[PDB]
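A single chain, nothing else alongside it, follows as C-alpha cells in the form deposited in one PDB entry.
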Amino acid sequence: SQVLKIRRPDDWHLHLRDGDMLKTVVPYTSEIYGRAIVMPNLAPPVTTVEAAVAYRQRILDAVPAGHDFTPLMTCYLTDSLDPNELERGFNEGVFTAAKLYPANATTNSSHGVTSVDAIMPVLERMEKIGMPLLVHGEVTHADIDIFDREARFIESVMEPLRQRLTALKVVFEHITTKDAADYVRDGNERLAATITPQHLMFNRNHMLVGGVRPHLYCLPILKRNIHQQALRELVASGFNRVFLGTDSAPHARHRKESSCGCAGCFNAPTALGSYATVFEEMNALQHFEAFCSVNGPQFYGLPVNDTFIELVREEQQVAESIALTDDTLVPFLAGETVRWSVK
C-alpha cells in the first residue's frame, strides 16, 4: 500500500558491457535512471575520445524508444594516457569523468594504472580543468589479504594523492568498509563516495555461510558485518556526499557458476527497490531521495532530474533468470521476493 514518490534517480557507477549483453542490460537501467556514469572497463578499455563517442552511440542504439536516458561516459586511465586526449574529451562533452583502476584490482583492469606517479601530468590536468576522478580504491599486491585492500589503499594511495592535489574532486567508488566510511564522512567538499545495494544488504557471511554464492561475489569483496553496519549508518545519517552507484556488473550464468567465477552482481533490475528497503529499515526514508537523485548531481555540478517516479511497497518476485542469446543472466536476488518495486 505504501507509495513513495521521488525525483527520478541516476546511477553514478554502472557497467553496461558491449554487444548482445549491452542490448540485454541497458533497458533495466534506461527505464528508471535519467543518467548513468558508464564505466570504461571494456576489452579493449575505452581510453580515447573516438572509442567513447562510438561506445556512447552503441549505448543509445540499445535504449528503448520513450526512455529518456543519457549515458555519461568515462575515460579508462592508463600509465601512458595523453593528458591532451583526456582534456579534449572533457571539452567536447564526451568524458564526464576519468576512472582510476589499479592494475589487476578488478574485471578488465590489467591495462589499469600501475602508480599515481606514472599519471601525475594527467591528474594535474584533471585538477586544472575540474574533471572529477573516480577511484577503484584497492591496492593489489599479492601479499595483501583481499579484505585489507581497501583500507590499505586509503593510507598508501588516497590520502597522499589528495594531499598532493588539494583541488582534485574525487569519488571513492563502491565503498565497502568502515575505514572508507569514516574517511569520506570526515573528508572535505571535494571527496564523495558511492555505495552499491549489495554492500548495504549483505556481508561476507551471506556469500560464504551454508554454501558459496558466486552471485554475491563481487569486488571490492563483501566485508565483515561491522563494515556493512558502518555503510548503512553512513547513508542513514543524511550525509550528502554519498550517492547511488549500483556497480551493476553483469556476467553470463556459467561465467559466474564455474571453477573460477567472475566477480560482479547484476543488480540493475532490483537495485532501487533494494536501496529503498535499506533506507526503510534504517528509519531514514527522508534521506532516500537525496541519495538517489540530488547528492550525485550536486557533487558533479549537474542539474537534478525534473521528472518523478514512484516506488510501491508491494512484494514482487525477482525472475530466476534473464535470457541472453547464449546462456542466461542471473539477476541479483534471483527468485527472491523484494519489498519495494517501481510503479
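Residues that one form lacks are left out of the comparison. In this text, residue numbers run from 1 along the sequence as written. Each form is matched to the other, and the largest set of C-alpha atoms that superpose within 1.5 Å is called the rigid core.
Separately, the form deposited in another entry exists; it is not shown, and the next lines address it.
> After superposing on the rigid core, which residue among 104, 156, 91, 225 shows a C-alpha displacement of 2 Å or more between this form and the one not shown?
The only residue crossing the 2 Å threshold is 104.
> Looking in the other entry, decide if the C-alpha atoms of residue 103 and residue 165 are closer or farther than in the form shown; they differ by 3 Å or more.
Closer together, by at least 3 Å.
> Taking the cut-off of 3 Å or more as given, in which direction does the distance between the C-alpha atoms of residue 81 and residue 107 change in the other entry, closer or farther?
Nearer in the other entry, by 3 Å or more.
> For residues shared by both forms, which stretches of 3 or more shift their Cα by 2 Å or more between this form and the one not shown, once the core is superposed?
Run with every C-alpha shifted by at least 2 Å: 103-112, nothing else.
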